[PDB]
Amino acid sequence: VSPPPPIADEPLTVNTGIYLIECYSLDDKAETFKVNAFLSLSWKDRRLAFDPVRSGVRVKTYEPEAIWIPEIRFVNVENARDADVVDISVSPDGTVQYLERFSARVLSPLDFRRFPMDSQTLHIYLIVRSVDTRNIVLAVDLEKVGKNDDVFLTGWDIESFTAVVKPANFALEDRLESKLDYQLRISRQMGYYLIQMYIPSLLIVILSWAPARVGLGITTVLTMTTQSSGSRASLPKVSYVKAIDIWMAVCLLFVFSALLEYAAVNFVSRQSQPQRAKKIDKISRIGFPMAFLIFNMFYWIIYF
Amino acid sequence: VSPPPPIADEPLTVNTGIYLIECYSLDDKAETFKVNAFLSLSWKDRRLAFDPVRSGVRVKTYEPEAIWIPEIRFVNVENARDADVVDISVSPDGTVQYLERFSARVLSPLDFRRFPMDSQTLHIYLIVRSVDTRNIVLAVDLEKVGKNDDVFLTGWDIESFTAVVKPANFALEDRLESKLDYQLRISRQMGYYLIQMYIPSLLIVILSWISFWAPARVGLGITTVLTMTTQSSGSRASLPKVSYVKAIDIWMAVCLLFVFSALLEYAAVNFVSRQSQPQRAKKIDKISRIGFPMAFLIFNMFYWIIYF
Amino acid sequence: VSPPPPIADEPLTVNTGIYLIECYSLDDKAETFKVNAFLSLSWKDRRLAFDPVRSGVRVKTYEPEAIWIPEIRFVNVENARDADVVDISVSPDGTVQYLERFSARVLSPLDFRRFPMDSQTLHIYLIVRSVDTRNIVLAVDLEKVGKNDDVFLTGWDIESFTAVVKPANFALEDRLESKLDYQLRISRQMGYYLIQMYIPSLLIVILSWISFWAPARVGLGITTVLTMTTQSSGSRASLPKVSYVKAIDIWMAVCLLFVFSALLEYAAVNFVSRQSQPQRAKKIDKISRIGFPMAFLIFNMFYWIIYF
Amino acid sequence: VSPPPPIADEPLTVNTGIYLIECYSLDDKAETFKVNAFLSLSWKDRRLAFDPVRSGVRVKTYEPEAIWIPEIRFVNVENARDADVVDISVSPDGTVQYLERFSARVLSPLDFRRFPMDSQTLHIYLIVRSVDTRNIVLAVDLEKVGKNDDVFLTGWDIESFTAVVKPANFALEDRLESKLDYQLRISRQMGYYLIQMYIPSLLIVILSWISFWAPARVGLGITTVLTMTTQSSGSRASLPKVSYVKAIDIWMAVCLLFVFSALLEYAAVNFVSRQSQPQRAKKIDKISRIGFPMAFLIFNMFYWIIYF
Amino acid sequence: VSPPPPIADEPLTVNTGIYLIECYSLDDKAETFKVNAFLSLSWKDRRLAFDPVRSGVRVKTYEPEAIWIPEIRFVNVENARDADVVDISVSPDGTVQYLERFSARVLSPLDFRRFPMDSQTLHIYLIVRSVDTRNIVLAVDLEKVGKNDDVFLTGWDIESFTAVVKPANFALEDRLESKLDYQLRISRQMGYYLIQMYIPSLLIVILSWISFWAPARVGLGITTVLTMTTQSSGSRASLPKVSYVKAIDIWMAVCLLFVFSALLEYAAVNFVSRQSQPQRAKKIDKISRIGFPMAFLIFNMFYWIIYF
Ligand SMILES: [Cl-]
Ligand SMILES: [Cl-]
Ligand SMILES: [Cl-]
Ligand SMILES: [Cl-]
Ligand SMILES: [Cl-]
Ligand SMILES: [Cl-]
Ligand code: NI
Ligand code: NI
Ligand code: NI
Ligand code: NI
Ligand code: NI
Ligand code: NI
């Protein structure tokens, strides 16, 4: 089989559509998500045109091997999609309607800067390579883009599944490549964070505020690294900094500066000066909660 | 091959059945379970009808490629089911009886609100897409729905495996689609929870409460926090972190306040008696010692009222 | 191809055998084990009979597609076995001798009640479904059941690999099914447990009692709780959490009560050495110091009587 | 099919190119990375040559089975690449242009000596075995070597993707083998290390010294060891344990000596003042309080000079 | 296809060779290693013999399906090898030369008794089952056994890759089986251990002795058990739990007795001086402070004599 010949010179337009059936396994660490969807393709092949009056049939159904089908690939997939052809239908004018159900593991980067109050745009890039006979270009059939109502991504709210209607046409290894960007929009159900993560990690910090203070103020450090290890499956370590990987470098400083204060107050009163000891070791007791609110509100202004 | 032609205009009814052979790997985190079952399909294809007297046989056996077979798919599966055709039998009137043994990883959401005293309804959705030649509809053959007696799901009690007999017929991308809902009902085996998880998490906070009867309050208070997060680390494989709140997500969130209010009490009592007032020190440190166990069950009993 | 026709009415007997080549990955948590074995099958197909005088040869070798072969399946497997046909030999009477080497992931429940001093019977269930032409029944050829001497299952002693010679014949979805039970008996090599798990779990309970002899009782008594959960989660990969109770899930829950009742004492003795009651303080704090090693000895021996 | 015959004697030159589409899963522990790329191959096959005028076509497209294609393999791959042929184009002189999109798991050793300030050269080795008919040699078509702009490797900066243009030709099992070295060069994003890994672990060493200013020094000095190993376990997923020594494996090793020599000082100063000598006690306990931060900076700067 | 007929009665000799291309994933817990190698096979098939002057060709290349090829299998593999035929060459006398590149997950037991100063012999067992027509025996072609210079096994030193030249011929299920033993010899790069595991594991229970010089000894001696069990969990990925005992599984079990006997001495010295006897208190508390490092030195040297 060879591609449909052009009537003039025009490129062959392959109309596309993705209908999400399932979305699952959004792996934050691997920056992948699995998808199970319908992929619909439409193109005109005049060599397949027929007379409806003489044939008596409105539509003809073909086997994938019997006709020419465009080689559509996904850009950002780990391995090639697992695809099962559902249907191939040809109208009398020769317009082919292709439908396959596929599953794929998609590579899509995630921006964790605003975690756990972040929103993401997951991408599914469709691509086609041109043949020497003719150029193949991709288009979006908005009637065939969508999602099942039951599509659930645990811990996320699904907002929209849209496609950037204009393909990105470019040359790659001396041939044309037509790329479409399908985008799935999500937002984190951060409701849970306060209850289990935000509040109890803080009730360790808050519990951090003379030789007995050495056993007291150092525990709220040993337990902070245990809340960390005890819930690290929900804390992200990025190559850059997050508004939470910063709330982390602040708790580490705040747990230190508190034990710098209680290491200076219990050493100033012992080095013959107990007058100025109650001057800084009472002011830091109202200074810390306000130095914190100011700092966390200063951090918040930048990132979120 | 092409679908069987309609005698009038009627859609083709494909009778279905799922017989569970094995149920395994209920992954709470991934919200998946693996299934190994028989899938039975029945439909009328008049083009295959024969006379038993002339043929000499009462049944005819075909190879899947030799005849038309409906494209049945599962909705909520990770990848397509691994299927092996067991048998294809045709009766004299053209009634096809199809049987395959398949294995599949099923996506089925779990409600953890009542964990570990929860019950779930796992779903297996069967679906068929209609052809331009004719409309295909699914039906349940209750005689071919069931489960092996040996079907075991470790940590769960299997109640029932039934099917919603009425399919959900709907249009999708300009074609009819027929969807059936097979439901496997399961309740949890919560017996174990108290023994190793529920009771020992309490025997740390009761050991925070047996120090309200001081500098010793630090070594008894600040420890039954460090050890609570260590049972919470040491038994996290049994504790679920959901996007919402569970009756256990809260039953552990009350512990975070109770371990704090306990060290707010012992941070106010050991600071009031030191600031020249040891009279009112024994007034709050002694009532909080009988106040905490009653504030607790009142709270845990208040939580229990809403979730259960 | 179609099944061999019956001479009278009698079902077709398919003689079976499993020869274990490798046993590996006994996953206690998943309750699976992987197997690599030979599967031998024998049945009489008179249509394949030949004269050794005329054909010259005493045996005919066939390709799987060339002849009829019974569809033999495993019941308790996650997915279908990865099989490679080694040989198909047809003898003059028409007796077919089939041999394949397969590998499979087997689902076999494990009883952890006596862990780590437990023994198990792993099962491999062979099954065949009868066809419309005739009924198929399975049999055990004891000459073709066995295991390689090198078959090793790390951490276990392999006792025997036998088959229940009588198949379980039953009806399933309007057809006959013939099921054979192959059993691999294995026992646990518990020698290691004392050295790395049992003894140090105890040198923390023992070191909690070596402090029942006052402000130092706070630092000791509570540490041998924080360290107990560290030996636990520090070696949890060797401790099983079942839906039911084990003599080890019980051994580890008595420690939770003994670490608590040990800090019910260190809290009463600290309340008695104060609150103007010094006398009766040395009456219970000294008696509990000889009471518990024996209250423990009695309890663990009482537990042992029930389970093992 | 057979290889193209040589016009004189010359080996068949197969021009190669790898264009990276995706790079992912750089597994530091397994020393693997996954790749998804285009593989382009070009060679002259005169038997496929044609006249463009007489044929009416300027290019001829073939199916992989229709023509001879060189068996190109990757040396350092776990299993064989998953490949999908995109295009096969033949020009009038019979120059074949082959293009496939493949995915592969690549084995490439990583040097962790300078972690987290390390740079790596990941390799992809292309290889071809010669046939008896003729010798096949590999070449680099620099026009077909490259990477997509979007190629991202999380936690790494991608420097260059080049190929060593000269193949390594050698004999292996009585035939010639031609090997090309494709090098994807990378470097880390060490900015993050200070914030979350380097500084908090250092704050523990710093807070161990903020106690060199007597029985309370035992409870304070030993905690910043218990917490040191908790920062370690708490962030071990970012700390590498190699078969050799890393400047960080040494930086972690210096902390083990500095946390010991710190509690050797606080075990000698709190024992000298108690053994009737409190004069010389303030001589070493005060000098070590300004000695440690400078003995550390000197040591870490001495270590740094060697490795990085 | 059928096997080559014997000229007299002699068994067919299949000459073998394995050339290692890659060695990776030595999984200590699973007792597996992955291999990627060439497998070469040679046997005489007279039916394929040809005249060199008449044919014009000195070698004839065949497709695997075109000729008879011996079914060679690996004994100790999880699943069957992933194999890709590279070349099949026939010499005029009818000597076939077969070459395939395969990848396989090999089951090979590991002896951890001397860990981390252990050496291992990994095995790859090649096997052939004889056919009814004739007996097939395996041989080693030492010219075709070897390994690539780049073959690296992370954390191990590769010593040699040799084959036991004499096959183990035996009967299995009424047929002859010919088994060859290929051995890859490796040793552990134990240099790492001192740095990260060896010296720091000690410094914890070395720091338990730096407190045998009284009420502070309660707080210091007991957190040592808390930190040791954190150094252990903190580096458990490098400590092996075997069904048997090691020079390490004991080295870590002596520490459990030494961390206890340490707190038995402090549970006796800090209780004897308090129970009106402070004379004999300085007699045993000072002697145990020089007794422990020598009782340890002796014990570790006594242990060493047995195992290594
Ligand atoms: Cl794809
Ligand atoms: Cl499916
Ligand atoms: Cl079979
Ligand atoms: Cl099977
Ligand atoms: Cl082979
Ligand atoms: Cl194999
Ligand atoms: Ni498929
Ligand atoms: Ni299958
Ligand atoms: Ni196979
Ligand atoms: Ni190739
Ligand atoms: Ni492919
Ligand atoms: Ni292959």
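So basically every Cβ, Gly included, is an ideal-geometry build from the backbone, and we count neighbours across all protein chains shown. We did not get these values from a lab; they are worked out from the coordinates using the rules stated.
What the table shows:
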quantity: Calculated [θ] (222 nm, deg cm²/dmol) that DSSP helices of n ≥ 4 give over chain A, each run adding -39,500 (n - 2.57); calculated: -6000 deg cm²/dmol
quantity: Whole-Hz couplings from phi, Karplus 6.51/-1.76/1.60, listed for the range D:260-269; x for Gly and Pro; calculated: 8, 4, 6, 9, 9, 5, 6, 10, 9, 6
quantity: Cβ neighbours within 10 Å from other chains - mean over C:172-178; calculated: 4
quantity: Built amide H within the under 5 Å cut-off of E:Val86, gap 5+; calculated: E:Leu99, E:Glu100, E:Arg101
quantity: Calculated P(r) of chain A - Cα pairs past 35 Å, %; calculated: 46
quantity: The range B:79-197: proportion of alpha-carbon pairs further apart than 20 angstrom, %; calculated: 59
quantity: Radius of gyration, Dmax [the range C:169-274; alpha carbons; angstrom]; calculated: 22.8, 81
quantity: Convex hull volume of the protein assembly as shown per residue (C-alpha atoms, cubic angstrom); calculated: 219
quantity: FRET E, pair D:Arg113, E:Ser261, Förster distance 51 Å, beta-carbon r, rounded to 0.05; calculated: 0.80
quantity: Long-range HN-HN contacts of E:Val140 with modeled amide H, under 5 Å; calculated: E:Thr16
quantity: Linear extension gain, E:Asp150 paired with E:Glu71, 0.36 nm per residue minus alpha-carbon span; calculated: 25.4 nm
quantity: FRET efficiency, D:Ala295 to A:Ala249 (Cβ-Cβ, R0 22 Å, nearest 0.05); calculated: 0.25
quantity: Residues whose placed amide H lies under 5 Å from that of D:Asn169, excluding near-sequence neighbours; calculated: D:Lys179
quantity: Estimated vicinal HN-Hα couplings, Hz - the range E:94-100 in sequence order (Karplus 6.51, -1.76, 1.60; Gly, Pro = x); calculated: x, 7, 8, 10, 9, 9, 9
quantity: Rg in Å to one decimal, and Dmax rounded to a whole Å, for the range A:193-304 via C-alpha atoms; calculated: 15.8, 49
quantity: Local net charge near E:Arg113, Cβ-Cβ under 10 Å (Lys/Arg +1, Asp/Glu -1); calculated: -1
quantity: Average partner coverage of E:4-10, which counts Cβ from other chains inside 10 Å; calculated: 0
quantity: Overall form of chain D per C-alpha gyration tensor (a/c, 1.5; a/b vs b/c); calculated: prolate
quantity: For the range B:126-137, Karplus couplings with θ = phi - 60° (6.51, -1.76, 1.60), whole Hz, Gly/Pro x; calculated: 8, 9, 9, 9, 5, 9, 5, 5, 7, 7, 10, 10
quantity: Per DSSP, loop trypsin sites (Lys or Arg not before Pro) in the range D:1-106 with at most 15 further Cβ within 10 Å; calculated: D:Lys29, D:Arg58
quantity: Cubic angstrom per residue, convex hull over Cα atoms of the range C:1-83; calculated: 140
quantity: Cross-link reach list, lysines versus B:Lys147, counting only Cα pairs under 20 Å and skipping chain neighbours closer than eight places; calculated: B:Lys34, C:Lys179
quantity: Hull volume in cubic angstrom per residue (convex hull over the Cα atoms of the range B:76-131); calculated: 148
